[PDB]
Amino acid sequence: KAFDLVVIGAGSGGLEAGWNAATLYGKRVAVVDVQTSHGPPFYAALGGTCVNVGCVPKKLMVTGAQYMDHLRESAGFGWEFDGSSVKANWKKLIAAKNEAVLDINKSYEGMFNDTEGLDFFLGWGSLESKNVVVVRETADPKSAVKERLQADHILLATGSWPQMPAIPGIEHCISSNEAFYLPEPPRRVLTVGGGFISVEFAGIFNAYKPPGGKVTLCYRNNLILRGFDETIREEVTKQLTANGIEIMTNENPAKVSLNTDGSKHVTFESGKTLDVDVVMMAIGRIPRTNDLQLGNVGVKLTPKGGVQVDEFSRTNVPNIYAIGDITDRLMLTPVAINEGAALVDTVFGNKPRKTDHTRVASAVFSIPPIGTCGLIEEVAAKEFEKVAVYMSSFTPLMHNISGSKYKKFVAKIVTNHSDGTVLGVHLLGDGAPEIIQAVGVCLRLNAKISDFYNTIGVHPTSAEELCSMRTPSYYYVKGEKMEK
């Protein structure tokens, strides 16, 4: 048939857009994805990346990894049990996680079957013509048609995909997609990348590794987590190191060779070499524009490969839009959901609406975790004459007793010191992703450091630290960092 909306990709942005359209505006909706439940061969599926091979499973797996610390820390509070009997059963975790994700898949299939004006179609979506969306048997454009769908408006929402550098032996490496399905936990693993996915997986592999195991993370520059607060980048590095993860900075794989025993011999650009069981490449993610045949209608892409869009998600082709990681702005699930909701408002609603990409709160589920919203001091120091930085950094008391003395909680607020406006807040330590959520609301109300400081603390919490700081630790004046 024909439809008001055809959505390519049943993901965060797509499922949101295609549900608002059918339930808030009774529109006729088609949504195409390549698989109806998680895992190989195509990994993402109905629900999107986040649901099948992203935020949702990774969080359950980091929750599993945190028991390594809980079991050990328990002793400090007088819990006694046979330490030598402890094992981390990876196969149970992955089976548990598989069932959880499968239940969400089935449940999203429920909602298709029970909603009129919202139809899901299995297969590979491409642009045949200005208002025709083909669905083929496979990603091969030469492959058999399953459907041609007519559509007023077409939404491009096919997400992103791991970036695999084209070094010799790249094909002996996995990405996070495969990481979710390893049948054994690796004894030696190299995670390649200094960003959140590399870090988060290093912490997961670190808890589930067999006896004698070792996690090594490498990164081509000097300090991991570029784009995060610098004190926190250094402190997470120390805390990952304290929990046994080896961090190799200033190193980059130039070649991977397969050993006869299935292991990998990694050669670095420096000529250093390391043998491991698994190389997980997590150096970035790229917009998933390749199989869409965007040539067939001349939809433009940026120097970086992402669908180019204006503030309202419109491509250069009338009646064709793009939201989510395909656009290459902020690769976060709730950003994509916001974009998709706003699109449908601006197209079958009365009020135009655009997604604000500033002041978006986000989290790294490292162990210990990170919670941030707003500008880091070095970005602030370039756009503002006077910047103040309020910092508190204490190993909390629970962690003196636990034995995890290396677990410092870090709280920083960055301000425009001229009028006291909070430019950014950056947290490291247990609960940080939860603490920062309503911080994002504050930054929307143009909170000042005195609005924080004058709110009465909840005690005892890590969070109250944010309402106890009234004196700057230091400043940037005209870009120059200084004491007073």
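Basically, rigid core = biggest C-alpha set you can superpose within 1.5 Å across the two forms. Note that residue numbering begins at 1 and tracks the sequence as displayed.
Rigid core fits of the other structures in 9 other deposited structures of this protein place the C-alpha atoms of one stretch farther away on average; of 359-367 and 257-265, that stretch is 257-265. Between 220-228 and 344-352, the larger root mean square Cα shift in 9 other deposited structures of this protein, once each structure is superposed on the rigid core, falls on 344-352.
The stretch with the higher mean CA B factor, choosing between 265-273 and 315-323, is 315-323. For the pair 194-202 and 138-146, the mean B factor over Cα atoms is greater in 138-146. As recorded in the entry, 108 carries the highest CA temperature factor of 406, 161, 409, 108. As recorded in the entry, 383 carries the highest CA temperature factor of 73, 383, 251, 230. Placement of the Cα temperature factor of residue 359 within the chain: middle third of the modelled residues, per the deposited record. In the deposited entry, the Cα temperature factor of residue 112 places it in the highest third of its chain's modelled residues.
When the modelled residues of the chain are ordered by their C-alpha B factor, residue 300 lands in the highest third. Per-chain ranking of the deposited C-alpha B factor places residue 461 in the lowest third. The PDB entry assigns residue 352 a C-alpha temperature factor belonging to the highest third of its chain's modelled residues.
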